[PDB]
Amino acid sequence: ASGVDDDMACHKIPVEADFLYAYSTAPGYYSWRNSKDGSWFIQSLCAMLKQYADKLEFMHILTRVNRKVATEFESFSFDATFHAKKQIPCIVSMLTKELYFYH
């Protein structure tokens, strides 16, 4: 097969390629922070990196972070409006390869 948009002589990559955004919460939602222990997201991210950075690919580490935040945390507030709420981190990957912190 052949076409007008593939196999260019000069190899190029998108200027937006190879970026990964690890957001603490889903689009359009508040993000939670404990005034004493820190944010649910960063707490969880550091814990998962400390435990899996020399064992798992980054996306899989971040997936563990998603689960930890989603299952272990729930807000506490004297304001009923902000009480008993949940959070799910949001992994946005425009990476083109797997990423391992070790080699």
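When you see a residue number, it is the position in the sequence shown, counting from 1.
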Per the entry, higher mean C-alpha B factor between 30-38 and 56-64: 30-38
Mean temperature factor over C-alpha atoms, higher-scoring stretch between 87-95 and 7-15: 7-15
Taking the C-alpha B-factors as the PDB entry records them, is residue 44 in the lowest, middle or highest third of its chain? lowest
CA B-factor ranking of residue 81, expressed as a third of its chain: highest
